[PDB]
Amino acid sequence: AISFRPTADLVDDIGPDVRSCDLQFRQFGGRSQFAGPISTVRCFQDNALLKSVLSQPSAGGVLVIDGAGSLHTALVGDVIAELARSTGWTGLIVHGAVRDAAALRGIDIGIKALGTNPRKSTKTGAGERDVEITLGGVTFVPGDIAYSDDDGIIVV
Amino acid sequence: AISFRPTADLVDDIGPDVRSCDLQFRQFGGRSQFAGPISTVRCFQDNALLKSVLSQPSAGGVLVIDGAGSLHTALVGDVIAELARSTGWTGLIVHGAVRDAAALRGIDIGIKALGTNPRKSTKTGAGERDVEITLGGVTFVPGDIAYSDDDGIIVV
Amino acid sequence: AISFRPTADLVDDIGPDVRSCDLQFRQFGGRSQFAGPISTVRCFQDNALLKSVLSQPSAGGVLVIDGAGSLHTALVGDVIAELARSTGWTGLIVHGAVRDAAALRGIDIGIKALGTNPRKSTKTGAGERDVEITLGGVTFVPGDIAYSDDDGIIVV
């Protein structure tokens, strides 16, 4: 299991070449801190693929979702968040929007996103899994470890 | 009277063509949730017109103010907010800025805006009432119903 | 000593030509309100110069740091913030990013910045002191007085 560590401490440990994400995210989950092995999904205003991924058991994993930063539909709501938590995921990093914000703060999982929108995403299943996602100058690679807190996100 | 309903539930009810506003607003009022018939005012760094509108009795109405999103002056402060609350308005959606943020959280009315600025708006009265206002892909039409919560805004 | 006053009240006192900053900052410190004589430092992803400035005794001063608004490195963390507080500074206005957000809320000093990033700044000492800094339509001049609260910042 991966033990969480403040991003600032990781930076002190890693040095000048630390992989720190510059993108400013908002916190939505019941946990402000989380760390775990990275899994990825790229999609667009559709969440059937990411939901299937989060349906699988996870050893405290972190799912990075690249929804092109769209604020038009909610990629994650309280249904998918609870599902993720129930299967073992420790955190979700959403390059897009979420819904049920009031409820998300009450789910024991980390959740970062750019904003909110009650409009639902489609469920065609379109998208790609296990791809590399580059956000804020950092590339999220499947298998690498993500650490997230109020300061930012570090990938090791 | 219009009974509030979470925007996410309205979306579930309405379907894919739901009129959901994509613009990200900050919450400032004592109420995080509100719903009511829409009234509108378009102006620019001037709030004499919107104040006169909010001076009239309202059956739990919602005033949508298009101030072109300016963050230069406060369209609404604790004086106008309290006035609105005292005359029956349930919520104010400000496409601009507000002042007295610390006090606004203590006024029993919903308030959304893009930001804050202590600089005051002028009081010439310039502007237009009852016009259609399109923000974040949604057109706020006088008479339609607005629902607002932590996720967004729905117009029915 | 300078006694704090709400920015809205200062605006009422000063009138239409009040110097009010339009730039939207996030609050990070233990104090949401502060006021004091202005000192300045311009730098870029380097904080050795501003740290030396904050190392000097201050009569409740306010340090305005222009880091070009970079969100790539933290200009101020809990070490520099505590140092500033320990030497007498009442507030820091950072046109850039900070780190140790969770800890900053527990330091008795005002702190405003554009965002966060755990990545550290360099310590070459590069930069300029006592320069005029113009942000959001307001010029921060050394010697002038800055007042900061939840609504904005006024310079007198």
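Brief remarks on what is shown
- Condition check for B:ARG105: closer than 19 Å to C:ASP149 by Cα and either touching a residue at least 60 places away in the same chain (Cβ under 8 Å) or not acidic (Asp, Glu) (or both): yes
- A single entry from A:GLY143, A:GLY60, A:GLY67, A:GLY91 fulfils the requirement of being under 26 Å from C:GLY115 (Cβ atoms) and either within 14 Å of another protein chain (Cβ to nearest Cβ) or surrounded by fewer than 18 Cβ atoms within 10 Å (Cβ to Cβ) (or both): A:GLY67.
- Residues that are polar (S, T, N, Q) and farther than 19 Å from C:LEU135 by Cβ within the range C:34-71 comprise C:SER52, C:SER55, C:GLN56, C:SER58, listed in sequence order.
- Verdict on B:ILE2 being in a strand (DSSP E or B), more than 10 Å from chain A (Cβ to nearest Cβ) and among the hydrophobic types (A, V, I, L, M, F, W, C): no
- Qualifying positions in the range C:84-116 - in a loop (DSSP other than H, G, I, E, B) and among the β-branched types (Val, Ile, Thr): C:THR90, C:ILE107, C:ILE109
- Residue check: A:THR73 meets all listed conditions (1) within 25 Å of B:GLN27 (Cα to Cα); (2) among the hydroxyl-bearing types (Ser, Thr, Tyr); (3) away from chain B (no Cβ under 14 Å) but one, namely (3).
- A:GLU128, sole failed condition from (1) in contact with a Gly (Cβ under 6 Å, 6 or more places away or on another chain); (2) more than 14 Å from every other protein chain (Cβ to nearest Cβ): (1)
- Top-ranked residue in the range C:94-120 [being at the interface with chain A (Cβ under 9 Å from one of its Cβ atoms) and of a type outside the set (A, V, I, L, M); ranked as surrounded by the most Cβ atoms within 10 Å (Cβ to Cβ)]: C:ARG99
- B:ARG85 meets the conditions (1) crowded, with 17+ Cβ neighbours inside 10 Å; (2) basic (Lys, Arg); (3) touching a strand residue (DSSP E or B) at 6+ places or on another chain (Cβ under 7 Å) in every case but one. The failed one is (3).
- Total residues in the range B:109-126, condition among the charged types (D, E, K, R), more than 14 Å from the chain's Cα centre (by Cα) and more than 14 Å from B:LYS51 (Cβ to Cβ): 1
- Residue among A:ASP13, A:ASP22 that alone is within 14 Å of chain C (Cβ to nearest Cβ), acidic (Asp, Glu) and touching a residue at least 60 places away in the same chain (Cβ under 8 Å): A:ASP22
- C:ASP130 falls short on exactly one of the conditions (1) buried (at least 16 other Cβ atoms within 10 Å of the Cβ); (2) under 30 Å from C:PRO16 (Cβ atoms); (3) under 14 Å from the mean Cα position of the chain (by Cα), and that condition is (1).
- From the options A:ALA146, A:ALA126, residue that is assigned to a loop (DSSP other than H, G, I, E, B) and touching a residue at least 12 places away in the same chain (Cβ under 8 Å): A:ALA126
- Verdict on B:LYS51 being away from chain C (no Cβ under 14 Å) and assigned to a strand (DSSP E or B): no
Quick note: the coordinates plus some simple rules give every number you see, no bench work behind them. Note: ideal-geometry Cβ built from the backbone for every residue, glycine included; neighbour counts use all protein chains shown.
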